[PDB]
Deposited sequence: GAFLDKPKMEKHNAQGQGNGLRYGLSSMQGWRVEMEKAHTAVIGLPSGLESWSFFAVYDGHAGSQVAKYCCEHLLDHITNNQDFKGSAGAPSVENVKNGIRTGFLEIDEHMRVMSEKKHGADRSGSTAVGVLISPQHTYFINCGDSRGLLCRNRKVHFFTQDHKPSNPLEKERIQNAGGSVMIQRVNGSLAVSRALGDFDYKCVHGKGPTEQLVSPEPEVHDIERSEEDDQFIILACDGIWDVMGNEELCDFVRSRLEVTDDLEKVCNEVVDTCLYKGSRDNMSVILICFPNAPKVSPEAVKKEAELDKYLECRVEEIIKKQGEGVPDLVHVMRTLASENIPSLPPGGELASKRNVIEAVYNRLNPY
């Protein structure tokens, strides 16, 4: 077990701006009995990196301890090691990448020793996906099956590759570590091949830290920034990506940015939409907008109001007492034009439900 009888829709939001960036984020427990997600969102880093920013989403499993420790200390483990520092004044691309790798391996070992010392009872682990944004580069960081993407010139310019046990190189490591991949799971249990924590899967004698059943090793990609063309970055857990593809979500987010510049609201729209598309997991998303992110469009705002009015009239008529499920089903059969790209009817469910509720409050 572990599903609630009804989803917990409460949103935890944050927003901020600086270094030319604006961001919003939303997390929601949804159908799950526990919330095991965390995030980091910081504009302006310590120790001479004030023009830097860092954003990350951590999808915890078997507990929130690992995800919570990461969201508070991963960044310092990355920036405060000899690999990141190097190196004259400004960190080279190699310093940044090596520094991030060392940061992951060191925080993992750090947690392992803390747990050993205090006889920790939890056996939790966590994915991490994030971006370290410098004045000239965006470094995407991925460890696990959370995912991030960069929208540039209205297209998906880059997205992180999910670490899954069945991936060829992952399966190879797992087998060489004495394990197997059964369907999509390590030993028929873990659905992730890389994560922080999961120390029971990191006890293989004769294998280094990155050769275990589960690896803490991140994949890092440096993308040179384009002031003219960079639009936004989306970071989210698999609770989002399970039900929306890269291009769908990019298109959907664009469509929402053309209607509002409230980034928390856009993130809330993504999360609700994914819930309505059937996601039964915790959900978290961070949206980071660059200076040339899409701007609110008067025509887009009008089209949205026209659509909302149209849906309201349809609901009025369909009622003429069908439940909401049946009203949604009727609306779907109508093949209504001009729904949000990617979001589709699910992304309009809040509008529909609001009207339905005014008409059938009991």
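Trainee: Missing CA coverage against the deposited sequence, listed in sequence order.
Mentor: Gaps in the modelled chain, taken against the deposited sequence, amount to a single one at 321-325.
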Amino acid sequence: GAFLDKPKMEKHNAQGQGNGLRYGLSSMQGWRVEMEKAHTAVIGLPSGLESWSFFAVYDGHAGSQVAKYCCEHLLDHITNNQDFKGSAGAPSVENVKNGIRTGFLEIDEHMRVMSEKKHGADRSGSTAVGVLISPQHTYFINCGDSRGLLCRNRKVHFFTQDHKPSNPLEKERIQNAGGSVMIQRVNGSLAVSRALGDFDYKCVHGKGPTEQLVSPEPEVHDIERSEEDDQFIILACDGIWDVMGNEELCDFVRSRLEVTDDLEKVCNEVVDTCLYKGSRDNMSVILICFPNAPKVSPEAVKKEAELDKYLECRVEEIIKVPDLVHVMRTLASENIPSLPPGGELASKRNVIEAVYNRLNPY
From here on, numbers count along this sequence of modelled residues.
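Trainee: Between 93-101 and 282-290, point out the one with the higher average CA B-factor as the PDB entry records it.
Mentor: Between 93-101 and 282-290, it is 93-101.
Trainee: Mean CA temperature factor from the deposited coordinates, higher in 153-161 or in 78-86?
Mentor: If you average the C-alpha B-factors of 78-86 and of 153-161, the larger mean comes out for 78-86.
Trainee: If I read the C-alpha B-factors straight from the PDB entry, which of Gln231, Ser189, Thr260, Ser146 is highest?
Mentor: The C-alpha B-factor peaks, among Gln231, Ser189, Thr260, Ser146, at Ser189.
Trainee: Have a look at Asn142, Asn268, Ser180, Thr138 and flag the one whose Cα has the highest B-factor in the entry.
Mentor: The C-alpha B-factor peaks, among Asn142, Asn268, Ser180, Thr138, at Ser180.
Trainee: Quick check on the deposited entry: does the C-alpha B-factor of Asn246 sit in the lowest, middle or highest third of its chain?
Mentor: Bottom third by C-alpha B-factor.
Trainee: Could you tell me which third, lowest, middle or highest, the C-alpha B-factor of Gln212 occupies within its chain?
Mentor: Answer is middle: the recorded C-alpha B-factor places it there.
Trainee: Mind checking which third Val220 falls in for C-alpha B-factor across the chain?
Mentor: Ranked within chain, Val220 CA B lands in the lowest tercile.
Trainee: If you rank the chain by CA B-factor, which third does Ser64 end up in: lowest, middle or highest?
Mentor: Its C-alpha B-factor belongs to the highest third of this chain's values.
Trainee: Using the temperature factors of the C-alpha atoms in this entry, rank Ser47 within its chain: lowest, middle or highest third.
Mentor: According to the entry, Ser47 has a C-alpha B-factor in the chain's highest third.
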